[PDB]
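Two forms, one chain: they're shown below as structure tokens, one block per form, named structure 1 and structure 2.
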Structure 1
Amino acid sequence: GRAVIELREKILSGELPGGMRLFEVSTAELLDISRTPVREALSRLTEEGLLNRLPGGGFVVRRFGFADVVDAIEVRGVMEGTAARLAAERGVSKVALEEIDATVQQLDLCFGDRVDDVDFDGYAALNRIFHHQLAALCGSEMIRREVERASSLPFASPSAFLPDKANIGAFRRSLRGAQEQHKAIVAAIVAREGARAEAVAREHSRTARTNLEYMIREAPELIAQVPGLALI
């Protein structure tokens, strides 16, 4: 319920920092909520990967460094590469293929005549749809939920490195190449080219890594706009 939302907000803002131990009574007091919803909130946020359970009881706010962000992006890329390869090997229905191709055609409409001209917000929304469609493309529920789970951490999400404030020249310029990769993923799946589909979908996740590296080096003010990046 609302206990999950409030607790999640306090973890993501760094208010409850990594390594902080949390107990049902002391957390219920901190949030000013009953123990029953707090119990559910602590357990749900362990399942989400924001907290770890301690031996002997209680919870601890999970610590994330830059290396964890890079590894989580790498795991999303590996899992998205798996969804793409399995769709290419097993085949995709006419309908599912038509839907993902429609999203790709829609994403092309985000790009103007100059290298800088990109509808950043439209791209970010359509990009989420494309990645959800790719995760479900092979028709396996197990694959879909594992791909979605690898994309569940705030900084591991496909549109995590495209926040509203990152609508700048350098990030927009990068989206052209990223969209060419969306097209190649679909073309490889259609052609039953599993190795290519996996290779492009895995490489595509290096765009978020390259963006993260740009935020660290050239635009540190952007770090705070990425969900989860306030935890680092």
Structure 2
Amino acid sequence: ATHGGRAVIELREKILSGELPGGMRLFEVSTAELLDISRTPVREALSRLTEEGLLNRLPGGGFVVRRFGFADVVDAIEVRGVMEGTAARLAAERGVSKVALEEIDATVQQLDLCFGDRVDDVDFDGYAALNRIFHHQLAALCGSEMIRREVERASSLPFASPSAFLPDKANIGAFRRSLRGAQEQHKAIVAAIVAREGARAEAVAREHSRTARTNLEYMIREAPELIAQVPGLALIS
């Protein structure tokens, strides 16, 4: 909607495609010239992408495109899992309003409808979209804006987002099968929160993030053509 927001989209696209490679130094004026836009939205975009974690600030001014390896991707997924586990634990310890529980339980019920009678019968893209909703609701459940922000910050890297490892091209039997266990975890997270069992809520929500890690390991081992389909992984490989 804003010049700044469009600058963020264009700059993110250029970083993800490798047009602005890892290690490239970026400055407000020269980046505005490269994007063919005004200095002001570029200043905002460079700051927002530093908050997002695609860029680092340079000492003395300016920015630098971050470089990422597969070990960085694993660490980013682990941080998301740790923060989602914290949001689940605090919701369990503090208690959640019935309306907020009904909202997330409705998402869980819609997610159950993605599954059929055969093991690989899963509406993959439908699950990926509802999964995004479930994880946003989980981040907000305990009612703390400080917690919600931190969870969303830990989910902001292109490969760290909750459905990053569910791109449409990854709709294969091995990935569909893995969603059954992942959906049982969604149900267990909500049950643990309803039961006020914080240690369980944390353990399951953190373990849930290992589904994306295990699917990344599967891509490397058995389906390397899929690596380029996950946002941010094409340049790494």
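Numbering runs along the sequence of structure 1, starting at 1. In this text, the rigid core denotes the largest set of C-alpha atoms whose superposition between the two forms falls within 1.5 Å.
Fitting the two forms on the rigid core leaves the C-alpha of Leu175 displaced by under 2 angstroms between structures 1 and 2. With the core held fixed, the Cα of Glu24 is displaced between structures 1 and 2 by 2 Å or more.
Rigid-body analysis of C-alpha superpositions between structures 1 and 2 gives a rotation of the smaller part of 11 degrees. After superposing on the rigid core, the C-alpha of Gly58 is displaced by 2.7 Å between structures 1 and 2. On rigid-core superposition between structures 1 and 2, the C-alpha of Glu98 is found to move 0.3 angstrom.
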